[PDB]
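J.: Have a look at this fold, sequence not included:
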Ligand SMILES: [Cl-]
Ligand SMILES: [Cl-]
C-alpha cells in the first residue's frame, strides 16, 4: 500500500467493536495487506500494566496508541484501532495526528459521546460480521484508501 | 522491503550516535526506503514529558520505544533507534523482541556496558559520517537486511 491508513472503531460498550476489529484484521491479512490491530487493553497490559487509571495515565496511553497508529499508517500499514473510551476528545486528537483516518461508528440505540460525521456508521448487531467487514472495506475503497 | 529491520545505535555519551542516526535516516530516505528514527528523548518529550526519571518510568519508556520498533520493523520499515542508555539490559530485551535486529556499537576509548557481539562496531570519530553511514549499509547488506 503506497499509503497506509487507520480504521478507528468507536461506539458504546457492547456494540461489537472488538469483534469487528479482529475480523477486519483476519480478512485484510488474508487479502495480503500489512495490517496491525492496536487493542487498547492489550497494549496497556503489555507496555504499562501498572500505570493506573488517573487522567494523566489515560492521556499518556491515548498518546501512545495514537502515535503507534500514526507511524504505522504513514508507512503503508492498515492500522485497526479499538481503544475503549466514550469520549470524542481522543478521537478528534487522533484524526488531527493521523492523515489517513477512517472512523467506524457502531451505533447502538462517562456517557458515550457520538461522533459528528464518521466515515462509516453501522447499526450494532444487525448484520453478520462478514457483512460488517465488507461494509468497512467498501467504505475504504470509496475513500480511496483501498 | 519484504522485511524491515531495526538499526539499534549504542555507545557512550558523545560517541556520535545521534549524528549517525539522522544521517542514516537521510541517506535511506533518499534511496527510497521507508525509514523511521526513534530518538528516545524526542519520543519521551512528545508522548510523556512529565513521566519522571524513576526506574518504572525508564522501563516503561524503553518498552514503548522497543514496541514501536518491533511493529515498524515487522511491517517493512527500517527503524533507526537512538535510545540513550548505558545498560545492556534494554538492548538484550530489544533483541529478543525484534526479529531483524542489527546493533551498531560506536566504541569510544552508570558506566557504559559494552555489548557482547554487536553486528557492527565503529570506532568513534575515526571515519567521516558519510563513511559511517556507508559501513552500516554494507553491514545490513551482508546480513541480508538490505
Ligand atoms: Cl480489496
Ligand atoms: Cl542500497
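T.: Nice, thanks for sending it over. Residues are numbered from 1 along each chain as shown, chains lettered A, B, ... in the order given. Ligands and ions are numbered 1, 2, ... in the order given.
J.: Residue A:33 touches residue A:4, doesn't it?
T.: No - counting by Cβ atoms under 8 Å, residue A:33 sits too far from residue A:4 to count as a contact (9.2 Å). The C-beta positions use only the backbone N, C-alpha and C, and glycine is treated the same way.
J.: more neighbours, these two?
T.: residue A:4 (26 against 15; other Cβ atoms under 10 Å in any protein chain shown).
J.: Contact residues of chain A facing chain B?
T.: Proximity of chain A to chain B (Cβ under 8 Å from any Cβ of the partner chain) is limited to residues A:34, A:36, A:43, A:46-48, A:50-51, A:56, A:60, A:63-64, A:67-68, A:71-72, A:75-77.
J.: neighbours around the nearest residue to residue A:12 once chain neighbours are set aside, how many?
T.: Distances taken as Cβ to Cβ, 6 or more residues apart in numbering or on different chains place residue A:112 nearest to residue A:12, at 4.3 Å, with adjacent residues excluded. Summarising burial for residue A:112: neighbours were counted as other Cβ under 10 Å, giving 15.
J.: hey, where'd the helices end up in chain A?
T.: A:17-30, A:40-47, A:55-74, A:88-97, A:129-142 (DSSP state H).
J.: quick one on the thing from earlier: need the residues touching each of residue A:33 and residue A:4.
T.: Common neighbours of residue A:33 and residue A:4, using Cβ atoms under 8 Å, 6 or more residues apart in numbering or on different chains, are residue A:78.
J.: list the buried ones in stretch A:21-38?
T.: By 16 or more other Cβ atoms under 10 Å in any protein chain shown, the buried positions in stretch A:21-38 come out as A:21, A:23-25, A:27-28, A:34-38.
J.: ugh, wrong one, stretch A:120-131
T.: Buried residues in stretch A:120-131, defined by neighbour count with 16+ other Cβ under 10 Å: A:120-122, A:124.
J.: what does it contact?
T.: A:11, A:14-16, A:19-20, A:23, A:102-108, A:132, A:135-136, A:139.
J.: Thank you, goodbye.
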